[PDB]
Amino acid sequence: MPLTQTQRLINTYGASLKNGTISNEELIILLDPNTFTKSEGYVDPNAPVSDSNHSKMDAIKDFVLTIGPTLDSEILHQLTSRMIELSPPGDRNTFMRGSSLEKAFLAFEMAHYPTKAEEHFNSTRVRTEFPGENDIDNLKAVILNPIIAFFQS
């Protein structure tokens, strides 16, 4: 079973994600950096991911792991593109570094549909935030890679 946090957020948001009808306003709210949280206290790496033991990324991963398999590939692509366009402006040089839903959706698409997901690196937002070849290289090999690897196994 998924985390309780995941279940509640799927209960609220799942239907409007699955058919891609979620409005820009509700998608913006879903993308609020505080929508997903680590468990209170510390994460014990020697214990399984649970309701009382999970990082912020653990929680986001669990949510995507749950909703992702319900998505048509083109619906997933469209959702990921919208999330990249609508993701909140943070401090300089912070886009995709923090644990975020847009990073996880992109990673999930790269894990399962890599040819289609490649188009996201051409987007205005990714180009703005990662303007150089090497910026994109690290985005893929360092920032996205562990999350992609999680979804693949």
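Residue indices: 1-based, along the sequence shown.
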Entry-level comparison of average CA B-factors, 37-45 and 66-74, reporting the higher stretch: 37-45
Of 141-149 and 128-136, the one with larger mean CA B-factor: 128-136
Residue selected from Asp91, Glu118, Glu102, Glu109 by maximal Cα B factor: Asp91
Within-chain third of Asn19 by Cα B-factor, per the entry: middle
